[PDB]
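To keep things clear, I will list the structure first and then write my remarks on it.
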Amino acid sequence: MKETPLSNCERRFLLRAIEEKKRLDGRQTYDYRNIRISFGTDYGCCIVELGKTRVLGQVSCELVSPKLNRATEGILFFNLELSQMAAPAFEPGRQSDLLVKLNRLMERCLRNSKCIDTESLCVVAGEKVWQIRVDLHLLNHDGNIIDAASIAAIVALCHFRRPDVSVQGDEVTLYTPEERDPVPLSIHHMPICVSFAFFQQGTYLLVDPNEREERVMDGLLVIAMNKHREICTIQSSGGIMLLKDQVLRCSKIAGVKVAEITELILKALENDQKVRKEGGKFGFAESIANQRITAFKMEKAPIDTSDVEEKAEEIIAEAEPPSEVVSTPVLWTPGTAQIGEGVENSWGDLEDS
Amino acid sequence: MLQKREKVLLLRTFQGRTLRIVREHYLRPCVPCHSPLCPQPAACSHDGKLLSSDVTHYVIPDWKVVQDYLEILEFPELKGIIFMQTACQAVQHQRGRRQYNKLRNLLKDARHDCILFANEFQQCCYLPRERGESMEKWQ
RNA sequence: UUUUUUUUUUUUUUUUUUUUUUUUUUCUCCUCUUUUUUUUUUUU
């Protein structure tokens with residue numbers, strides 16, 4: 001199956017809007033759709049919602065032997081993924097020219113910026129070191145997959161907490177959250193992606209576009225830039241043909257937006273740590289809105305486990321015992337034996353000769 | 001203008017793996033000579049540190065006289081020194097970082113008569129190795 | 001007192017695909033000065 005086609009009335013209406021500098025959902029040009037984060041119970045797991053998009057991030061680490069060369073660092077996998085349920089079009093092996101540009105954007109940003117400290121993830125050299133592995137999934141496609149994926153990866157990496165080890169002399173030991181407290185990571189900076197869309201041959205631009213606005217646009221400009229004033233990647237793409245003042249304007253815009261987004265992320269992580277430290281209840285369950293028609297909650301229930309013995313006993317007692325015709329095995333010659341109705345002759349011989 | 005040539009190299013990595021990396025080299029017509037008797041000013045215009053002619057002579061170590069005897073050539077009475085870039089490269093690739101930093105401070109200083117010359121970037125002073133050789137003799 | 005005739009918007013649709021983070025170097029390196037090394041003891 002494919003996705004519904006685009007009519008010729010919506011295109012005209014969207015372009016009349018864009019000309020008039022008014023958007024569908026009311027938000028003006030330099031705005032984001034507001035954000036809403038939610039944390040799991042075990043560390044390094046979050047659900048970010050930008051507008052109506054969803055991404056699931058989950059970090060996980062493991063101890064391996066560090067290849068050959070680079071004997072004093074650790075490796076860092078990544079794996080974006082697009083879930084068949086995100087949108088009709090996504091198909092497990094039929095959208096192979098978006099996955100590549102997305103994985104590349106994500107990896108170049110996160111791994112070339114050098115914000116994670118992969119220096120201090122060794123135990124010995126030439127021997128076991130930690131191998132982290134980020135994982136993202138797209139749940140609901142409504143445009144701007146990469147801003148949400150980047151914020152998700154950031155939060156998931158800034159909420160993880162490793163295991164921890166004791167090393168002295170030439171001897172290892174591995175603890176557990178009851179034997180020793182999990183340990184945080186070291187994060188230099190916060191690289192946060194921003195996207196721009198261009199409309200009718202660069203004459204207008206719109207920040208943070210959604211999926212209809214994504215189908216009425218010429219090309220896209222992405223500018224990934226960590227906090228302070230330091231750019232980390234740019235990738236023009238789509239169908240665009242650019243000037244030189246516009247890249248600078250865009251860089252300013254991305255500066256502002258990454259400032260605001262980092263503000264938000266820091267505040268949310270702080271609130272989450274405060275909640276976890278007070279001693280209250282946390283998790284995916286205690287996030288479900290209760291003021292809403294589509295939610296229902298039920299505490300525990302002993303059902304009545306008073307009768308199962310009797311029923312099982314009568315059932316076992318009330319049925320026919322195994323019968324008693326026992327079969328015999330036949331021996332032809334050591335190596336082959338037969339059981340069943342058998343064959344008339346011992347074996348065939350000169351049947352046709 | 002420039003004239004491309006090549007330079008092979010035999011780098012030995014820490015794991016015992018050697019390789020014949022090939023690399024580039026671009027000659028030029030006019031390497032500045034940072035002298036006050038260069039018979040044409042404009043072609044290089046001498047935009048740097050520039051000697052003043054009072055000396056009797058000029059002494060150029062070949063490579064070793066600056067490799068080890070360097071500690072001599074700081075006395076502000078010595079005047080009229082010019083370093084061949086091939087010696088500088090020898091000391092850099094052979095004597096670590098301390099001697100090289102002392103040499104480069106020496107150069108980067110308005111107290112002595114030290115300059116540096118682009119022997120290897122000049123179009124008729126460069127010479128390629130030949131059958132049967134060594135770094136010393138070529139040097 | 002001025003008749004009769006001069007065609008027009010390409011035909012076609014019922015195609016198979018059995019992969020997967022990365023990717024590839026840079027050398028040897030003078031740590032300055034009262035010492036053996038003090039040590040019980042009690043109040044936390």
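Sequence lines, in order, name chains A and B.
full-length UniProt numbering applies: residue 1 is where the first sequence begins, and numbers increase by one.
full-length UniProt numbering applies: residue 1 is where the second sequence begins, and numbers increase by one.
Even for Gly, the Cβ is constructed at its ideal location relative to N, Cα and C.
Do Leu-220/A and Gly-202/A have their CB atoms nearer than 8 Å? Counting from 1 along the first sequence, the entry for residue 220/A is found at position 220. Counting from 1 along the first sequence, the entry for residue 202/A is found at position 202. Contact: no.
Buried versus exposed call for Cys-232/A [16 or more other C-beta atoms within 10 Å across all chains shown]: Taking the first sequence and counting its residues from 1, the one referred to as residue 232/A is at position 232. Buried, because 16 or more other Cβ atoms sit within 10 Å of the Cβ of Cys-232/A.
For the stretch 151-165 of chain A and the stretch 55-72 of chain A, state whether three or more C-beta atom pairs, one from each stretch, are separated by less than 8 Å. yes
Looking only at its own chain, which residues have a Cβ that is under 8 Å from the Cβ of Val-22/B, when we skip the five neighbours before and after it? Taking the second sequence and counting its residues from 1, the one referred to as residue 22/B is at position 22. Around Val-22/B: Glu-6, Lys-7, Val-8, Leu-9.
Does DSSP put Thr-262/A in a helix, in a strand, or in coil? Position 262 of the first sequence, counted from the first residue, corresponds to residue 262/A. If DSSP states are grouped into helix, strand and coil, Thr-262/A belongs with the helices.
Minimum C-alpha distance to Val-207/A - residue among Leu-24/A, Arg-16/A, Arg-23/A, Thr-29/A: Taking the first sequence and counting its residues from 1, the one referred to as residue 207/A is at position 207. Comparing Cα positions, the closest option is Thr-29/A.
Note the first and the last residue of the continuous beta strand (DSSP E) segment covering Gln-338/A. To locate residue 338/A, count along the first sequence from 1; it is residue 338. Looking at the DSSP string, the run of the beta strand (DSSP E) that includes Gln-338/A is 336-338.
Just to confirm my understanding: we take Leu-105/A, look at its own chain, exclude 5 residues before and 5 after, and list those with CB closer than 8 Å. What are they? Your numbering for residue 105/A matches position 105 in the first sequence. Cβ within range, chain order: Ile-146, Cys-193, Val-222, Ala-224, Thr-233, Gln-235.
Identify which residue in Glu-136/B, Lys-64/B, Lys-79/B has its Cα closest to the Cα of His-57/B. The count along the second sequence starts at 1 and reaches residue 57/B at position 57. Out of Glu-136/B, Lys-64/B, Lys-79/B, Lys-79/B has the C-alpha closest to the C-alpha of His-57/B.
Can you give me the C-alpha to C-alpha distance between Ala-197/A and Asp-272/A, rounded to a whole angstrom? Numbered from 1 along the first sequence, position 197 holds the residue referred to as residue 197/A. Numbered from 1 along the first sequence, position 272 holds the residue referred to as residue 272/A. Distance between the alpha carbons of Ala-197/A and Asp-272/A is about 34 Å.
Taking all protein chains shown into account, do 16 or more other C-beta atoms lie within 10 angstroms of the C-beta of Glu-136/B, making it buried, or fewer, making it exposed? As a working note, residue 136/B is residue 136 in the second sequence. Flag for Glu-136/B reads exposed.
Per DSSP, the bridge partner or partners of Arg-36/A: Within the first sequence, residue 36/A is the residue found at index 36, counting from 1. Paired residues: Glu-49/A.
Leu-50/A vs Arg-33/A beta-carbon contact at 8 Å: Here residue 50/A corresponds to residue number 50 of the first sequence, with the count starting at 1. Here residue 33/A corresponds to residue number 33 of the first sequence, with the count starting at 1. It is a contact, given that the beta carbons lie within the stated cut-off.
Where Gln-95/A falls: helix, strand or coil (DSSP): For the purposes of this step, residue 95/A is taken as residue 95 along the first sequence, with counting starting at 1. Three-state result, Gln-95/A: coil.
Taking the beta carbon of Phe-160/A as the centre, do at least 16 other beta carbons fall within 10 Å, making it buried, or is it exposed? For this step, residue 160/A is matched to residue 160 along the first sequence. That one is buried.
Using CA coordinates, which residue listed in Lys-2/A, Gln-131/A, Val-124/A is at the minimum distance from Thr-173/A? Against the first sequence, residue 173/A aligns to sequence position 173. Checked all of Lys-2/A, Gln-131/A, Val-124/A; the closest Cα to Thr-173/A is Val-124/A.
Nonlocal neighbours in the same chain, by C-beta distance under 8 Å from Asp-31/A, ignoring five residues either side: On the first sequence, position 31 is the one that residue 31/A refers to. Cβ neighbours of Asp-31/A beyond the five flanking positions: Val-207, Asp-208.
How would you label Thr-118/A, buried or exposed, when you count the other beta carbons within 10 angstroms and need 16 or more for buried? Indexing the first sequence from 1 puts residue 118/A at position 118. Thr-118/A counts as buried, since at least 16 other C-beta atoms from the protein chains shown sit within 10 angstroms of its C-beta.
Which same chain residues, not among the five before or five after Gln-139/B, have their C-beta less than 6 Å away from its C-beta? Indexing the second sequence from 1 puts residue 139/B at position 139. Cβ within range, chain order: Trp-63.
Between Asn-226/A and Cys-158/A, how many whole angstroms is the CB-CB distance? I'm expecting something under 8 Å. As a first step, residue 226/A is located in the first sequence; it is residue number 226 there, counting from the start. As a first step, residue 158/A is located in the first sequence; it is residue number 158 there, counting from the start. Not quite, the Cβ-Cβ distance comes to about 13 Å (not below 8 Å), so this is no contact.
Going by beta-carbon coordinates alone, are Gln-122/B and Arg-28/B separated by less than 8 Å? Here residue 122/B corresponds to residue number 122 of the second sequence, with the count starting at 1. Here residue 28/B corresponds to residue number 28 of the second sequence, with the count starting at 1. A contact, by the Cβ cut-off of 8 Å.
Quick one, which of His-137/A, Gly-279/A, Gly-335/A, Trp-347/A has its alpha-carbon nearest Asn-103/A's? As a first step, residue 103/A is located in the first sequence; it is residue number 103 there, counting from the start. When each option's Cα is compared against that of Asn-103/A, the closest is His-137/A.
Would you call the stretch 57-75 of chain A and the stretch 39-49 of chain A in contact, with 3 or more CB pairs under 8 Å? yes
From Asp-135/A, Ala-285/A, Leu-139/A, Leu-63/A, residue whose alpha carbon lies closest to that of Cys-122/A: To locate residue 122/A, count along the first sequence from 1; it is residue 122. Comparing Cα-Cα distances from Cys-122/A to each of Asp-135/A, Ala-285/A, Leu-139/A, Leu-63/A, the minimum goes to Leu-63/A.
What does DSSP give as the partner residues of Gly-219/A in its beta bridges? Indexing the first sequence from 1 puts residue 219/A at position 219. Beta-bridge pairing links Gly-219/A to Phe-198/A.
Between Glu-120/B and the rest of its own chain, which residues show a CB-CB distance below 7 Å, the 5 nearest in sequence each way excluded? Counting from one through the second sequence, the residue named residue 120/B turns up at place 120. Closer than 7 Å at Cβ, skipping near neighbours: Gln-85, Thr-86, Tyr-126.
Which of helix, strand or coil DSSP assigns to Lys-7/B: Locating residue 7/B in the second sequence gives position 7, counting from the first residue. DSSP places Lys-7/B in strand when its eight states are reduced to three.
Where do the N-terminal and C-terminal ends of the beta strand (DSSP E) with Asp-135/A fall, by residue? By one-based count along the first sequence, residue 135/A stands at place 135. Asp-135/A -> beta strand (DSSP E) spans 132-140.
Any idea what DSSP makes of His-112/B, helix, strand or coil? Residue numbering aside, residue 112/B sits at position 112 when the second sequence is read from its first letter. Of the three classes helix, strand and coil, the one that applies to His-112/B here is coil, per DSSP.
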